[PDB]
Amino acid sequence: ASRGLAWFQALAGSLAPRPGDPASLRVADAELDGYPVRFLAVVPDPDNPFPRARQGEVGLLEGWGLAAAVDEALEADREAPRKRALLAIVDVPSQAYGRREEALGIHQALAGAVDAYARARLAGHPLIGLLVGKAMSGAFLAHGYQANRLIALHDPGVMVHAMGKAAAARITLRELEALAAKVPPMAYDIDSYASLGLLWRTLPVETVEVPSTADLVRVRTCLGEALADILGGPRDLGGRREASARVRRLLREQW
């Protein structure tokens, strides 16, 4: 159905959604290097109650569903000596586009997801975002972009951007791949994104669509090292671009 589903199954061990979750959500608890983790993936649901969210989009149920699943873990580990890691497997084409979505406050639903992920991170849950496919726009903000560490597969299908290539073409009246290729923050490819300093690591894989055994081993290893790298350390976003740095220095001087 999608790369996100393929990698969820490979890493977590199961394929079917949990009883209480939307079918567009895969959630599973497991262990990594003896450390408690929860895998989360948004995946396509052709039977989504919302017609505009039947191709893997982060819509109303996905936003609030993520919030609920993350808050569930946060509340359960409130007293635990070990806060479980949240491993976001990211392959999301876009947010849902629709009039019912807007009327019912899809911006608020996605805010719910962001708030839960951020609160979990601030509370000491290690968050790792694993980009195995598309990581687009508001869907990525809601599912992945609050991570302590971002890891991407080094593959042409892995793309981070704020809008679809089709949408960008329309606004620049266009061919756009060509134009975007010379401007790194505008480019869709993962090498360009990596040059921004926003990834902790990139990982090549043999069969990106269904990981090989060696792939699974390499990715599990890398996730393990990300987890080790986070624990006990500062709880800021991974990204934490000289212009940005200058801005923050000037603000502090002038505050």
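A residue's number is simply how far along the shown sequence it sits, counting from 1.
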Are any deposited residues left out of the model between residue 240 and residue 241, and how many (none, 1 to 3, 4 to 9, 10 or more)? 4 to 9
Residues of the deposited sequence that sit between residue 175 and residue 174 yet are not modelled: 1 to 3
Ranked by mean Cα B-factor in the entry, 83-91 and 105-113, top stretch is 83-91
For the higher mean C-alpha B factor in the entry, choose 181-189 or 132-140. 181-189
Name the one of 121, 154, 149, 78 with the greatest CA B-factor according to the PDB entry. 78
Compare the CA B factors listed in the entry for 158, 166, 96, 127 and report the winner. 166
According to the PDB entry, is the CA B factor of residue 16 in the bottom, middle or top third of its chain, that is, lowest, middle or highest? highest
Ordered by C-alpha B-factor within the chain, which third holds residue 39? Give me lowest, middle or highest, please. middle
In terms of the chain's CA B-factor thirds, is residue 250 lowest, middle or highest? lowest
Please place residue 30 in the lowest, middle or highest third of its chain by C-alpha B factor as given in the entry. highest
Lowest, middle or highest third - CA B-factor, residue 208: highest
